[PDB]
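Participant: experimental structure and sequence below, a few questions after.
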Amino acid sequence: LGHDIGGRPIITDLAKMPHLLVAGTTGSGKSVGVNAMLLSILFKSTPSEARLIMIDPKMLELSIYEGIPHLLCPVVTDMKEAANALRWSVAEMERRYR
Amino acid sequence: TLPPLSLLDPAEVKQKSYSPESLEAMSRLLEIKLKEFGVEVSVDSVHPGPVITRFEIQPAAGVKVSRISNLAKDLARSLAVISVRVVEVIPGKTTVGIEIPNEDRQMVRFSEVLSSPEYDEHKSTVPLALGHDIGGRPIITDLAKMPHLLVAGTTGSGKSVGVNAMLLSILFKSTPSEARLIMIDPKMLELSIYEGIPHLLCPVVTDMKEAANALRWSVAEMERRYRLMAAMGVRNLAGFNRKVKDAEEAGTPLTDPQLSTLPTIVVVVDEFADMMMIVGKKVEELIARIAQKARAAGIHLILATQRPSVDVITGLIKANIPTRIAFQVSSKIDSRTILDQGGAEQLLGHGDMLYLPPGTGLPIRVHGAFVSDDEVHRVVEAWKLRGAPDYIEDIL
Amino acid sequence: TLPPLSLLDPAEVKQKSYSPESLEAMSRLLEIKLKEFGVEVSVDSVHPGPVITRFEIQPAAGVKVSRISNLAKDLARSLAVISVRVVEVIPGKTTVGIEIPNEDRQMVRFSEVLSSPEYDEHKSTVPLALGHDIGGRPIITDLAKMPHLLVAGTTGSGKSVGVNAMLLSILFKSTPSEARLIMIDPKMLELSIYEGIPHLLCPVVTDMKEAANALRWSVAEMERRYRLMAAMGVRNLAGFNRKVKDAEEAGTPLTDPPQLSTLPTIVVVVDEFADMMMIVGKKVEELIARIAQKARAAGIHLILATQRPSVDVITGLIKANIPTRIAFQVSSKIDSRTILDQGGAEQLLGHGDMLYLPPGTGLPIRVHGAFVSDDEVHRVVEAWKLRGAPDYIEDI
Amino acid sequence: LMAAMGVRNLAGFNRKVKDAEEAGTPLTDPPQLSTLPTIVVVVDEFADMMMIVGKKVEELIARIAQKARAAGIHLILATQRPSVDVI
DNA sequence: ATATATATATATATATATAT
DNA sequence: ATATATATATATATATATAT
Ligand SMILES: Nc1ncnc2c1ncn2[C@@H]1O[C@H](COP(=O)(O)OP(=O)(O)OP(O)(O)=S)[C@@H](O)[C@H]1O
Ligand SMILES: Nc1ncnc2c1ncn2[C@@H]1O[C@H](COP(=O)(O)OP(=O)(O)OP(O)(O)=S)[C@@H](O)[C@H]1O
Ligand SMILES: [Mg+2]
Ligand SMILES: [Mg+2]
């Protein structure tokens, strides 16, 4: 995540948050922020140790990411199947605890 | 190809109340009166707008703005004007503003707006010439980046003279192969004059059943454009158009997974309230799925209501249209319906608006244009002479 | 043709108007008392009026008005007046105002307002003669510019002598071929004396099961006109009448899409809207909201009359499309904020005082009404029942 | 009955009947016409009548307050704290 | 030191916008 | 259709924080 007001960089492991909430109105850097986070995931982790699920109710926004070897499901672009993919994520959490 | 701007009525000759000497005398009468109250202030510039006049002032060091602000009701009677309004911040400078209303509201005719460098240099398929800012500067907003617009205002407040202004901003700069037009005018007066122009996809809809049909087709065309763009790798319609242009000019005319450059649709809806009152429950989800996602595909909405209450516009629709324009709402709660602020209550009526840019919350006040009946008849005529109304029949 | 302005009652001779000696004495005493409180001032002029006299006083160099607004009570104490209200800013002069309620509050004749040169020259088919302002200038506002109107007040304020003043403004200017009324009265008693005039196009709706029929017809006429304009490329009624006048004066009259004429301006005077909504219910609310959302282009203007217009009476959709509010005195301050959006209409002295709130101005033009005794209205109706036949569109 | 006589308020109607009887016979009614009283509704404790009855009465008091002033029907509401919850 | 100016808490009244 | 929850305007009471 960019630099602080001291010029130094601020890189933070996601699995300590462990959840994140970007926000802010239009024309601020949200898309570029998400892209920077994803490239951060990329240049450090091979698909054998990280995976992704991208769900954007604004279609084609995250479709710049298609064909990545760690893209468990394709870009979920609709509204009906978003909740279904999240139910599968719940079930994966459950089996991952079991 | 585009019709000449001579088809617009030229600028008018006005009384020009504030002659430069009458502005210099007033600036000096302002400095003197400010000095009388204990603030030493030196005027340095003036900006005579169409309705108001921002006297930029450089207050001496140590003079807080609040000292100047609390003297509004006194500068009012000192300068003999109706009401002074101090503006605390002029961005990028060190000067405070003082917005003196004029004794005469000058009309903003539409030929005066398109004669700017902002408009002609503007590189977009859909520009909107809303009107002059309070500083006289022309306001040229790009429809394709708002993206959607929610015009609203009381009866007789200049909405379908500020939608004709937008559509003429579309016509004078874009060819039918650059921006098409869907028009849904339940109240069959204020868009029915755009009959058979080379831009229209479907006739000027008045049958609300056909309006639901048109919006269904718009959703279908939207999702077809998403399929087309996804099956090529581009991100939005702009990259798609540039890519197909480069492929066609590079001797490789592609085929659809030949191919052609797509236009940018502008779904105009005049008096959306009646379309909801007739075929509402068939159109709620269609517009809530257009406004929600139809940015990359290039299907834009112009929803011109009279009051964006939830009964007429469900909160889901009104939450995805962040760029709104208010025309003189009577009460203050109506300003809370269109905007989420006040301001729109105290607008001088004919023309005036409070165009709310997307990212911010400050409403950039804009004095509207004025395209009369014949000033539009001639545009429609001279643009119909250079094309045929190639409708798309299966829309309805 | 049009009845003579002299059919009313003649001008009422002035009632113990303050002789200049007493005004000069009060001006000197005002200056002395304001010098006692350390505020150097100088009375420039004194404007007498029907209710309040306006001591046009001028501060010295460096006198903030707040040092007078706070003293607004001690100035009433040192004088013999009930209370004093200061006008922090006078629109067009350097002076500041000191308003003194007269002891012998006189009245405002209606022939005084009409016979003024502003009514005689007001080039509108539908004018309104509200009455004299503070200083004594006749306030006469066109109705086709509002384009609707919300008369309001409490029981005993004068909101019926006001509607009668508005109607006699309509009648002394407009032939039956220029303004046709649709009167509705739940009280069965107020507007039931205009019955028989040629202007009406339906009996004065007295039984409250026919108000729905009258308003269904109003919407029908609205749609008929709204399509008749559609078939001619016009966008309002002024343009339509200009079209047909140009056709006639060019020898070739247009054709009905028979032979077209000029269309009158329909004024739907709805008295006592609250009891209407409490008898008929939602049968009418739809039609009133429709006439509000439309009928500005078709030339159908809507004058209401309520007690505390609120969502309990007038829905937010109807009350938003009605820009011009005229509020007589009201009981509370929470009540005055439902009409004018600002609580100024409580200090009104009743008996025909109002705060005319134009469409979008923070300062209401205080008008002192106009008394129209029933003798005048009966004589005017008797003059009309002879100058024209009693018309009634029977399919209503 | 007042609109059928051309008079706008109760006092005027009593003046009219008094004059017509000064000149002989009273008005004829759309029997023999006379003078009308001044009804005075007195609702004491108008804070529990809208708790026993509630919705039923309320709009009737509202119509009496709105319309009944030229008809001579007056109203004297006695309460303890007429907040909007009560009135 | 003493009169105002600005923020805050509490209670009423109203208009919207949700839920049953 | 008819009860809640929220935001707003307005009016008091209370301290702090500046003018004179
Ligand atoms: N820039 C302008 N200068 C002068 N008058 C203007 C301007 N813009 C609009 N008007 C006036 O505004 C009116 C036209 O506004 P409309 O669009 O017809 O009203 P509206 O918004 O359509 O209200 P409804 O609800 O559709 S009836 C005419 O009286 C014009 O003269
Ligand atoms: N402009 C005026 N000048 C002088 N006296 C007036 C004026 N208007 C009204 N009055 C007097 O005030 C009285 C009350 O006015 P009304 O017209 O009866 O009030 P109102 O509109 O009838 O109120 P409600 O709700 O109908 S009871 C009249 O009978 C006159 O005596
Ligand atoms: Mg319109
Ligand atoms: Mg009345």
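Facilitator: Cool, the structure landed. Residues are numbered from 1 along each chain as shown, chains lettered A, B, ... in the order given. Ligands and ions are numbered 1, 2, ... in the order given.
Participant: and the biggest helix by length in chain A, what does it pack onto?
Facilitator: Taking DSSP state H as the criterion, chain A has its longest helix at helix A:82-97. The helices and strands touching helix A:82-97, judged by 3 or more Cβ pairs under 8 Å, 6 or more residues apart in numbering or on different chains; DSSP states H and E, number zero. From N, CA and C alone the C-beta is placed, and that goes for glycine too.
Participant: in that helix, what's buried?
Facilitator: For helix A:82-97, a neighbour-count test (16 or more other Cβ atoms under 10 Å in any protein chain shown) marks nothing as buried.
Participant: ok, stretch A:60-76 next?
Facilitator: For stretch A:60-76, by 16+ other Cβ under 10 Å, it's A:60-63, A:65, A:75-76.
Participant: which ones among these lie within strands?
Facilitator: Counting by DSSP state E, no part of the buried residues of stretch A:60-76 is found in strands.
Participant: including distance to chain D, could the residues you listed go into JSON lines?
Facilitator: Shown next, in JSON lines, are the buried residues of stretch A:60-76 (distance: Cβ to the nearest Cβ, whole Å):
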{"residue": "A:60", "distance to chain D": "53"}
{"residue": "A:61", "distance to chain D": "49"}
{"residue": "A:62", "distance to chain D": "52"}
{"residue": "A:63", "distance to chain D": "55"}
{"residue": "A:65", "distance to chain D": "57"}
{"residue": "A:75", "distance to chain D": "54"}
{"residue": "A:76", "distance to chain D": "50"}
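Participant: what distance do you get for the residue of chain D found nearest ligand 2 to chain B?
Facilitator: Nearest residue of chain D to ligand 2: residue D:69, at 4.1 Å (Cβ to the nearest ligand atom). When distance is defined by Cβ to the nearest Cβ, to the nearest Å, residue D:69 is 29 Å away from chain B.
Participant: check the offset of stretch D:3-23 from the chain's centre.
Facilitator: Here the centre of stretch D:3-23 is set off from its chain's centre by 17 Å, with Cα atoms, centre = their mean, to the nearest Å.
Participant: so residue A:2 touches residue A:9, yeah?
Facilitator: Yes - using Cβ atoms under 8 Å, residue A:2 makes contact with residue A:9 at a distance of 7.0 Å.
Participant: mind exporting stretch D:30-45 as CSV, just the C-alpha atoms?
Facilitator: Provided in CSV are the C-alpha atoms of stretch D:30-45 (Å, rounded to 0.1, in the frame of the first residue of the first chain):
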residue,chain,number,x,y,z
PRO,D,30,-86.2,25.2,0.6
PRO,D,31,-92.1,25.9,6.6
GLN,D,32,-91.6,29.2,8.4
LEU,D,33,-88.1,30.5,8.8
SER,D,34,-86.7,31.8,12.1
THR,D,35,-83.5,32.7,13.9
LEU,D,36,-80.8,30.1,14.5
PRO,D,37,-78.9,29.5,17.7
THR,D,38,-75.1,29.5,18.2
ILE,D,39,-74.2,25.9,18.9
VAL,D,40,-71.3,25.5,21.5
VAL,D,41,-69.7,22.1,21.6
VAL,D,42,-67.9,21.7,24.9
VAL,D,43,-65.5,18.7,24.9
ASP,D,44,-64.0,18.6,28.4
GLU,D,45,-60.9,16.5,28.9
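Participant: which of the residues in it are buried?
Facilitator: D:33, D:43.
Participant: is chain C contacted by stretch D:9-21?
Facilitator: No - using Cβ under 8 Å from any Cβ of the partner chain, stretch D:9-21 stays clear of chain C, with a minimum separation of 8.6 Å.
Participant: now that stretch: buried residues?
Facilitator: In terms of neighbour count (16+ other Cβ under 10 Å), stretch D:9-21 has its buried residues at D:10, D:13-14, D:16-17.
Participant: go on, stretch A:49-60?
Facilitator: Residues of stretch A:49-60 classed as buried: A:52, A:54-56, A:59-60 (neighbour count, 16+ other Cβ under 10 Å).
Participant: ok, so of those, who is nearest DNA strand E?
Facilitator: Within these, the smallest distance to DNA strand E is 22.7 Å, found for residue A:55 (Cβ to the nearest atom of the strand).
Participant: residue D:85 and residue D:51: what is the separation?
Facilitator: Distance of residue D:85 to residue D:51, computed by Cβ to Cβ, to the nearest Å: 10 Å.
Participant: could you export the buried residues of stretch A:49-60 as CSV, including distance to DNA strand E?
Facilitator: As requested, the buried residues of stretch A:49-60 are exported to CSV (distance: Cβ to the nearest atom of the strand, whole Å):
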residue, distance to DNA strand E
A:52, 32
A:54, 28
A:55, 23
A:56, 24
A:59, 25
A:60, 28
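Participant: can you pull out the helices in chain A?
Facilitator: Along chain A, counting by DSSP H, helices occupy A:30-42, A:82-97.
Participant: centroid-nearest residue for chain D?
Facilitator: When Cα atoms, centre = their mean is applied to chain D, the residue found nearest the centroid is residue D:73 (1.6 Å).
Participant: what's the closest non-adjacent residue to it?
Facilitator: Using Cβ to Cβ, 6 or more residues apart in numbering or on different chains and skipping residues adjacent in sequence, the residue nearest residue D:73 is residue D:39, 4.3 Å away.
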